[PDB]
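Start at 1 with the first residue, then count along the sequence.
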Amino acid sequence: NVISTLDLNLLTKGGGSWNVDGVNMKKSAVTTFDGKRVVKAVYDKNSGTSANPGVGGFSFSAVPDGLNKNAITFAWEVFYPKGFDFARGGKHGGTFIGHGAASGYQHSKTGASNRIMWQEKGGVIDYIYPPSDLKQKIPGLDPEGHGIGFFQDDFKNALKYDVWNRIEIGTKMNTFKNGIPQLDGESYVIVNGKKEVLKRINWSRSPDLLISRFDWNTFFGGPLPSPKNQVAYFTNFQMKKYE
């Protein structure tokens with residue numbers, strides 16, 4: 001079940017056993033909200049990617065003690081005050097495979113990523129950057145342009161207002177046969193108790209390229225940035241056994 005929980009009071013000083021670095025708090029801050037220790041994620045009007053001038057969200061990287069390189073789940077809760085405008089979606093974060101680019105319109109032969117995005121009206125999708133020059137049998141799973149979305153129909157308006165939404169994302173490596181990846185990797189997403197699973201993934205090209213870190217980086221879009229100054233709260237970041 002839950003292997004460990006991030007202590008947000010250590011987020012800017014190494015994260016304890018989560019081995020956090022790469023921290024960019026931007027305008028966000030660890031605080032208390034609804035009696036929980038949370039991060040208030042501050043999204044300025046017109047914030048998003050670096051193509052957008054406002055400041056929004058926050059980021060950090062973690063390699064927790066106990067990270068299982070073959071399969072692992074990360075989980076968190078998020079509160080959207082009534083009135084929050086989800087626009088046309090944005091990122092939370094997720095699990096990165098191997099080393100090298102796998103996000104931001106850039107791919108690599110050795111890296112992949114499995115992330116949560118929100119969508120319009122509070123939807124959720126699994127958003128995957130697969131590696132360059134690696135066979136996939138899942139239709140549309142190609143390492144070109146932006147990442148590939150899954151579960152569009154399955155989490156429509158899943159993210160509700162004025163409550164703690166529970167989100168999880170699980171990642172399980174493919175196996176290898178004589179160094180050949182076997183198109184048997186998996187992903188799953190859970191939102192407020194509903195689980196959807198994706199099988200038949202090649203997550204890497206070689207048995208030394210495995211699950212390597214959790215990268216958190218929340219922001220609107222691209223391409224559509226935050227329509228207004230607004231906040232959301234994140235809490236209870238957990239690393240969990242892959243179910």
Quiz item: Between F60 and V23, what is the shortest heavy-atom contact and its length?
Solution: CB-CG2, 4.0 Å
Quiz item: Are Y127 and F151 close enough that some pair of their side-chain heavy atoms sits under 4.5 Å apart?
Solution: no
Quiz item: Going by atom types alone, do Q182 and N174 pair a side-chain donor with an acceptor below 3.5 Å?
Solution: no
Quiz item: Got a sec, which pairs hit salt bridge (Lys or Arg N to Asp or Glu O under 4.0 Å) with one end in residues 151-180, sequence neighbours left out?
Solution: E168-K240
Self-check item: Rounded distance [0.5 Å steps], OG in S226 versus CZ in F86
Solution: 11.0 Å
Practice problem: Decide yes or no on side chain to side chain contact (heavy atoms under 4.5 Å, CB included) for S187 and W203, but give the supporting numbers first. | Solution: CA-CA 10 Å; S187 170; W203 276 120; 4.1 Å; yes
Self-check item: Closest contact, heavy atoms only, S204 versus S206
Solution: OG-O, 3.1 Å
Quiz item: So, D34 and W164: side-chain donor and acceptor under 3.5 Å apart, yes or no?
Solution: yes
Quiz prompt | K135 NZ: over 12 foreign heavy atoms closer than 6.0 Å | solution = no
Quiz item: Run the side chain to side chain contact (heavy atoms under 4.5 Å, CB included) check on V30 and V38 step by step: do they pass?
Solution: CA-CA 6 Å; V30 176; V38 311; over 6 Å; no
Quiz prompt | Minimum side-chain heavy-atom gap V191-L159 below 4.5 Å | solution = yes
Practice problem: Find the distance between CZ (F214) and CE (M239) and round it off to the nearest 0.5 Å. | Solution: 11.0 Å
Self-check item: Check: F219 and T49 side chains under 4.5 Å, non-hydrogen atoms
Solution: yes
Quiz prompt | Pair listing, side chain to side chain donor-acceptor pair (under 3.5 Å) test, anchored in residues 19-31, at least two apart | solution = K27-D44
Quiz prompt | Shared hydrophobic cluster for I190 and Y80 (ILVMFWY, side-chain gaps under 4.5 Å) | solution = no
Quiz item: To the nearest 0.5 Å, what is the distance between CD1 (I97) and CG (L209)?
Solution: 9.5 Å
Self-check item: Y233: side-chain hydrogen bond (donor to acceptor under 3.5 Å, both in side chains) partners, not counting sequence neighbours
Solution: none
Self-check item: Beyond-backbone contact of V39 with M25, side-chain heavy atoms, under 4.5 angstrom
Solution: yes
Quiz item: If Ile, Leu, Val, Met, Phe, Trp and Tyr residues are connected whenever their side-chain heavy atoms lie under 4.5 Å apart, and connections chain through other members, are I116 and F96 in the same group?
Solution: no
Quiz prompt | Sequence-distant partners of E243, side-chain contact (heavy atoms from CB on, under 4.5 Å), two or more places apart | solution = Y188, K195
Quiz item: In the single-linkage hydrophobic clustering (I, L, V, M, F, W, Y; side-chain heavy atoms under 4.5 Å), do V78 and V124 co-cluster?
Solution: yes
Exercise. Using the rule that two of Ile, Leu, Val, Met, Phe, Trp, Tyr join whenever any of their side-chain heavy atoms come within less than 4.5 Å, decide whether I72 and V63 are in one cluster.
Key: yes
Practice problem: Decide side-chain hydrogen bond (donor to acceptor under 3.5 Å, both in side chains) for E77 and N236; before the verdict, give the C-alpha distance in whole Å, the side-chain angles of both, and the deciding distance to 0.1 Å. | Solution: CA-CA 6 Å; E77 307 183 19; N236 200 28; 2.9 Å; yes
Exercise. Give, for atom CH2 of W216 and atom CZ of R115, the distance between the pair rounded to the nearest 0.5 Å.
Key: 11.5 Å
Quiz item: Taking atom types as modelled, is there a side-chain donor on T175 or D184 under 3.5 Å from an acceptor on the other?
Solution: yes
Quiz item: Taking atom CZ of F220 and atom CZ of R88, what is their separation to the nearest 0.5 Å?
Solution: 12.0 Å
Quiz item: For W18, which residues count as a ring pair (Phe, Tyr, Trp, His ring centres under 6.0 Å) partner, sequence neighbours excluded?
Solution: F74
Quiz item: Going by atom types only, do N165 and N192 share a side-chain donor-acceptor pair under 3.5 Å?
Solution: yes
Practice problem: Determine whether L67 and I211 make a side-chain contact, defined as any pair of heavy atoms from C-beta on separated by less than 4.5 Å. | Solution: yes
Practice problem: Not counting sequence neighbours, which residues clear side-chain hydrogen bond (donor to acceptor under 3.5 Å, both in side chains) with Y242? List them please. | Solution: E186
Practice problem: Establish whether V197 and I125 are linked, either directly or via other cluster members, by ILVMFWY side-chain heavy-atom contacts under 4.5 Å. | Solution: no
List, one per line, each side-chain donor-acceptor pair under 3.5 Å for residues 98-109, sequence neighbours excluded.
| unit_1 | atom_1 | unit_2 | atom_2 | d |
| --- | --- | --- | --- | --- |
| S108 | OG | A101 | N | 3.4 |
| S108 | OG | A101 | O | 2.6 |
| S108 | OG | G111 | N | 3.1 |

Exercise. Please list, chain by chain and in numerical order, all residues satisfying side-chain contact (heavy atoms from CB on, under 4.5 Å) with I138, sequence neighbours excluded.
Key: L141, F150, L198, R200, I201
Quiz item: What's the verdict on side chain to side chain contact (heavy atoms under 4.5 Å, CB included) for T218 and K91, showing C-alpha distance, side-chain angles and the deciding distance?
Solution: CA-CA 5 Å; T218 180; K91 278 61 172 188; 5.6 Å; no
Practice problem: Could you tell me the separation between the CZ atom of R205 and the CZ atom of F176, rounded to the nearest 0.5 Å? | Solution: 10.0 Å
Side-chain donor-acceptor pairs under 3.5 Å in residues 7-15, sequence neighbours left out?
| unit_1 | atom_1 | unit_2 | atom_2 | d |
| --- | --- | --- | --- | --- |
| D7 | OD1 | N9 | N | 2.9 |
| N9 | OD1 | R37 | NE | 2.9 |
| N9 | OD1 | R37 | NH2 | 3.3 |

Quiz item: Sequence neighbours excluded, which residues qualify as side-chain contact (heavy atoms from CB on, under 4.5 Å) partners of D85?
Solution: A87, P227, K228, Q230
Quiz prompt | Residue pair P130 / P143, side-chain heavy-atom distance below 4.5 Å | solution = yes
Self-check item: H92-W76 side chain donor-acceptor pair, cut-off 3.5 Å
Solution: yes
Quiz item: Does the side chain of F234 come within less than 4.5 Å of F33's, by heavy atoms?
Solution: no
Quiz item: Which side chain to side chain donor-acceptor pair (under 3.5 Å) pairs, counting each pair once, include a residue from residues 57-72, with sequence neighbours left out?
Solution: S61-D215
Quiz item: Mind checking what makes side-chain hydrogen bond (donor to acceptor under 3.5 Å, both in side chains) contact with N157, not counting sequence neighbours?
Solution: none
Self-check item: pair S47-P225: side-chain heavy atoms closer than 4.5 Å
Solution: no
Quiz item: Distance-only, no hydrogens or angles: does the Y161 side chain make a donor-acceptor pair with backbone N or O of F84 under 3.5 Å?
Solution: yes
Quiz prompt | From CA spacing to verdict: side chain to side chain contact (heavy atoms under 4.5 Å, CB included), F155, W118 | solution = CA-CA 10 Å; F155 299 107; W118 82 85; over 6 Å; no
